[PDB]
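First the structure, in the form of C-alpha cells, and then the observations on it.
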Amino acid sequence: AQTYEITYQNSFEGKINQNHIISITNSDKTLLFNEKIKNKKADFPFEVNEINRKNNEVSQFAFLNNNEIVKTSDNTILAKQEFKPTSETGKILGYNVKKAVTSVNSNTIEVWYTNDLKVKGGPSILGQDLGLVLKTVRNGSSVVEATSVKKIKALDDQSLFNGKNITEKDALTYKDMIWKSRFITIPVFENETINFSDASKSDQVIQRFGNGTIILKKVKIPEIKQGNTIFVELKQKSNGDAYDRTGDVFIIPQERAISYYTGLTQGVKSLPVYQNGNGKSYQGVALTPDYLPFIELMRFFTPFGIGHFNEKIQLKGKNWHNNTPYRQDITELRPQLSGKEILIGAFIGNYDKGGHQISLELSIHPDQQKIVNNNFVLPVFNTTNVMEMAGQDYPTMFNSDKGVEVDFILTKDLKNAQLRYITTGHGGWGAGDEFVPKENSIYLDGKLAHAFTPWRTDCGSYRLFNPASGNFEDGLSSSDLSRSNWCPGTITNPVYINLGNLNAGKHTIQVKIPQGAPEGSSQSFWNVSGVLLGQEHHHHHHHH
Ligand SMILES: [Zn+2]
Ligand SMILES: [Zn+2]
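Going letter by letter, the sequence shown gives residues 1 to 17, 20 to 546 in the authors' numbering.
Pasting the structure below:
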C-alpha cells in the first residue's frame with residue numbers, strides 16, 4: 001500500500017494567497035492537516051482529520067494544549083455527501099481527473115478527483131469517497147489545487163500524537179471544548195444558594211454573611227496584560243423568593259488598613275462612619291486614609307420569582323423563562339484584578355428561606371484592544387448597603403445638600419480621568435425614588451462636572467423573566483414600569499463620566515441627588531458607587 005503526500009495551494013480569483023494544506027494517504031488510512039501542524043509550529047487549538055478507509059470512520063482531532071487532545075468520530079459522513087456528475091475531464095499534475103459538483107449551505111463546490119493512484123484524499127472533507135481530490139472550486143472564486151503529489155515511505159503520525167492524551171467526545175462537546183480552550187474561565191460559584199436563614203454558615207471554601215444574603219470566596223486571578231478583555235457572568239433563579247431584589251457582584255479592595263472585609267468578618271462597627279449633617283450615620287461608604295469601599299463588578303436586579311414560580315403562575319400567552327443571565331464587560335477594572343488573589347462575592351438582599359440560586363464566573367480573553375487604556379483604579383465611594391442584613395444602613399444621605407463627599411490624594415497626574423458611576427434610585431411607592439426621576443449631580447473640586455437624570459423606559463421588554471410580578475388594575479405589571487435606572491431581570495449599566503486630566507495632589511468628588519421625602523415608614527434612598535479611572539504616564543530614559 002504505497003503512501004502519497006499531496007500538497008495544496010489556495011487562490012482567490014487568480015491571486016495565490020500561506021500555510022499549505024497537506025493530505026497523506028494510502029489505501030488503509032488518510033491524514034489531513036497542514037504545514038504548520040506537520041512542522042509543530044501551529045498554535046492551539048488546531049485540528050487534524052483521519053479517515054479509516056476500511057470502514058469510512060472519519061475522526062476529527064483537536065489539539066487543545068500541549069497535553070490534551072479530544073476527538074470525535076462518525077462513520078456516516080462520507081455516505082451523506084451528495085454529488086452531481088459532470089462530463090468534464092482533464093489532467094492535474096499528470097493525473098486523469100473528473101469533475102463533480104456539490105452544494106453545501108447554498109455554496110457551490112466543484113471537485114476534481116483522480117482514481118489513477120488507487121487512493122483517496124483531498125484538501126477538505128468534501129469528495130473524500132470519490133477518489134483523490136486534486137482541486138476544489140468554491141463559488142467559482144476560491145480555489146484549492148494540488149501543486150505536488152509525492153511517494154513516501156509510510157503514513158507515520160506517531161510524533162504528531164506523541165506525548166498527548168486523547169479522549170473521545172460527542173460532537174457538541176468536542177466543539178465546546180475547542181471554544182473554551184480559546185480563553186480563560188475563572189470559576190467562582192456553581193448553583194450556590196443565596197437566602198435568609200439563621201442556619202446559614204460559612205464552610206471551608208465559601209464564606210457567608212448577612213444571614214445567607216452574601217456569599218464570598220478568594221480566587222486567584224492570573225496576570226492579565228493590557229489589551230485583554232474581561233467579562234463577568236452570573237446566572238440566577240428563584241428558589242422561593244418572589245421579589246425583585248437588589249443584587250451585586252463585588253470585589254473587596256484590601257490595599258488600605260481597613261476594608262469592607264473587616265466589616266463583614268468583625269461587624270459593621272469596624273467600618274468608618276460617614277456623616278453629612280442630616281442627623282444620621284452611614285458606614286463604609288467613602289474612601290478614607292485607612293479604608294477603601296468595595297467595588298461593584300456588576301449591579302443587577304432579580305426578576306420576580308423566576309423558575310420557582312413558573313408553573314404556579316399561569317397567564318395566557320406568557321411562557322416564562324427558566325433563569326436570568328447577566329454578563330458585564332469589566333475590562334476597565336483590569337488594574338484592580340490582574341495577578342491578585344481577590345475576595346469576590348455576590349449579594350442578593352432578601353428575607354426568604356428558599357431565596358435564590360446563582361452561578362458566577364469570570365472570563366479573560368486574549369485581545370489586544372486599544373480603546374480602554376486606564377492603568378489606574380481607585381474606589382472612592384459606594385453607598386450600596388450589601389450589608390443590609392448585617393447592620394449597614396440604607397443610603398438615605400441624599401436629603402442633605404452635602405450628599406456624598408470624598409477627598410482623596412493622587413500621587414501622579416492622571417490623564418483622561420473618569421468616574422465609573424453606577425446609580426439606582428429606590429423607594430417603592432408612586433412618589434418614591436424608584437419611580438420618580440431625580441437628577442444626579444457630580445462635582446469635581448467643588449465644581450459641577452456632570453448632571454443627568456438616570457431613567458429606564460424599556461422594562462416592559464423583560465416581562466417573560468418575571469412570573470411573580472404583581473399585576474395592577476390599570477393592566478400593567480410591576481416589572482413593566484419605568485424606574486430610576488433599573489429594570490427587574492437586568493443589569494444597570496455604569497456610566498463613564500469624563501473628568502478631564504487631573505493633577506497630582508488633593509481632590510474632592512461630590513454627589514448630590516434631590517432625594518424624595520419619606521412616606522410613613524417608607525424611605526427613598528440611592529445606591530451609588532464611584533470608581534476613579536485614569537492613565538498614569540511613565541518616566542523613562544530615552545532610547546531607540
Ligand atoms: Zn493515524
Ligand atoms: Zn525602555
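Even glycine gets a Cβ: it sits at the ideal position worked out from N, Cα and C.
In chain order, the residues that have a beta carbon nearer than 6 Å to some heavy atom of ligand 2 are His542 and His545. Remark: the C-beta of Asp76 is outside contact range of ligand 1, defined as less than 6 Å to any heavy atom. The residue among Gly229, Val106 and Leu136 with its C-alpha nearest the C-alpha of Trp114 is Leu136. Excluding sequence positions up to five before and after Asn325, its CB lies within less than 7 Å of the CB of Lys237, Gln238, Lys239, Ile308 and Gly309, all in the same chain and listed in chain order. Burial state of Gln359 is buried, judged by a 10 Å Cβ sphere holding 16 or more other Cβ atoms. In this structure, the C-beta of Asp159 approaches ligand 1 to less than 6 Å from one of its heavy atoms. Along the stretch 328 to 384, the alpha helix (DSSP H) occurs as fully enclosed runs of 4 or more residues at 336 to 339, listed in sequence order.
Taken in chain order, the unbroken stretches of alpha helix (DSSP H) that lie wholly in the stretch 26 to 55 and span 4 residues or more are 37 to 40. By the C-beta criterion, the stretch 154 to 166 is judged to be in contact with the stretch 20 to 35, since at least 3 inter-stretch pairs fall below 8 Å. For secondary structure counted as the beta strand (DSSP E) over 3 or more consecutive residues, the stretch 75 to 158 holds these complete runs in sequence order: 86 to 94, 97 to 106, 109 to 116, 134 to 140 and 144 to 154.
At the C-beta level, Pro305 and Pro456 stay beyond 7 Å of one another.
Between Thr264 and the set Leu294, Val251, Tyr276 and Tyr284, the nearest pair of CA atoms involves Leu294.
Ranking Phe437, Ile71, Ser283 and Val151 by CA distance to the CA of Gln2 puts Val151 first.
With a cut-off of 6 Å, the C-beta of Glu52 is classified as near ligand 1, since at least one heavy atom of the ligand falls inside that distance. Cβ-Cβ distances below 8 Å link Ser75 to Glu59, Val60, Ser61, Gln62 and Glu170 in the same chain, with the five nearest sequence neighbours on each side left out; the list follows chain order. For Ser443, the enclosing beta strand (DSSP E) starts and ends at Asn442 to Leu446.
Between the alpha carbons of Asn468 and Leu450 lies a distance of about 39 Å. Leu174: member of the alpha helix (DSSP H) spanning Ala173 to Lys182, first to last residue.
In the structure shown, the three-state DSSP call for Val287 is coil. Counting along the chain, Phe163 sits inside the alpha helix (DSSP H) bounded by residues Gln160 to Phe163.
Using a 10 angstroms sphere on the CB of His509, the tally of other CB atoms reaches 16 or more, which defines it as buried.
Secondary structure at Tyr245: coil, using DSSP grouped into helix, strand and coil. When the beta-carbon positions are compared, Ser471 and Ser479 come within less than 7 Å of each other. Using a C-beta cut-off of 8 Å, the stretch 364 to 371 makes no contact with the stretch 517 to 530, since fewer than three inter-stretch Cβ pairs fall below that distance. DSSP, reduced to helix, strand and coil, places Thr267 within a helical segment of the structure shown. By the beta-carbon neighbour count (other beta carbons within 10 angstroms, threshold 16), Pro125 is buried. With distances taken between CA atoms, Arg301 lies nearest to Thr494 out of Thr110, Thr413, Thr116 and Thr494. About 5 Å separates the CB atoms of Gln537 and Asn376; that is less than 8 Å, so the two are in contact.
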